[PDB]
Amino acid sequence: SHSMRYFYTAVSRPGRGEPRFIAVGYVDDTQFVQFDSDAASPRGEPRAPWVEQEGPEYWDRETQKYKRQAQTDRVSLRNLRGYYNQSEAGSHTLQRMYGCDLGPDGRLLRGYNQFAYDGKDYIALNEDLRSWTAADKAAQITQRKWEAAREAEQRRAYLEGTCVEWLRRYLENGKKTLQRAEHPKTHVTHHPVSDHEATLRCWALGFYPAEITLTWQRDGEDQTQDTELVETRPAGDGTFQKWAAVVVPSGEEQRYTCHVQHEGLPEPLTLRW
């Protein structure tokens, strides 16, 4: 299963010019496009080789869409500040995430189109792609505005038609990076806490996609209460890293096992110091 997801960020900055609009687009965990309204000559920019060889008409159209979206978000930020009776001096953020999930059959599983204001849910398109859920009164104003405009019909058209077509085209053109799984290379490290304790750290390096599970077991039972788990992090090369760590008594290291689960692994993976 695969997804194409766009992430838009608009940020006001009173007294310091017009709001800045930023967009990034992803297929699964791989970014392919960026736009920044504050750049010298703002244009849609490739971030992946499988869209770099799209023609000039493609890139000109993306660029024009982002430019229009930035303008639209400027008006949205102003309207929202009014709905909430917020003061002129504050900086505010409007975020939009939209896209399409493809099921294992290659068919549309879920389209989504949802918004946040100041980091908090504002309005979202329901899974039926026909109706809206507003999170507060202010958002009810947008809901009636969009219901009157038949906005949802336009978003549905994109989500069921155009969104899937793009994603299927990218999956094919970028199959060498998009349709692959790099399994994690795994190792345990050992760090004396003292003379009586030591940290055991289980590492997963260089995997793709980002989804993974690391778990620490002792003689069989999971070590939920005592596991320190960092968030999965980008290596910088298109792969990801994660670690899981436990503090164990000195001399009892051998009783602990680290369990790694990932799409790319050929078999169950067990590690032990």
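Just count from 1 along the sequence shown to find any residue number.
Higher average CA B factor: 231-239, of the stretches 231-239 and 28-36. The stretch 220-228 shows the higher mean C-alpha B-factor when 40-48 is compared against 220-228 in the entry. Of the candidates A70, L205, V247, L214, the one whose C-alpha carries the top B factor in the deposited record is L214. Of the residues listed, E172, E153, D118, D136, the entry assigns the biggest Cα temperature factor to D136. Compared with the other modelled residues of the chain, the Cα B-factor recorded for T177 ranks in the highest third. Residue-level temperature factors show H2 in the middle third of its chain, judged at the C-alpha atom. Among the modelled residues of the chain, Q95 sits in the lowest third by CA temperature factor in this PDB entry. When the CA B factors of the chain's modelled residues are split into thirds, the value for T186 lands in the highest one.
For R130, the recorded CA temperature factor ranks within the highest third of the chain's modelled residues.
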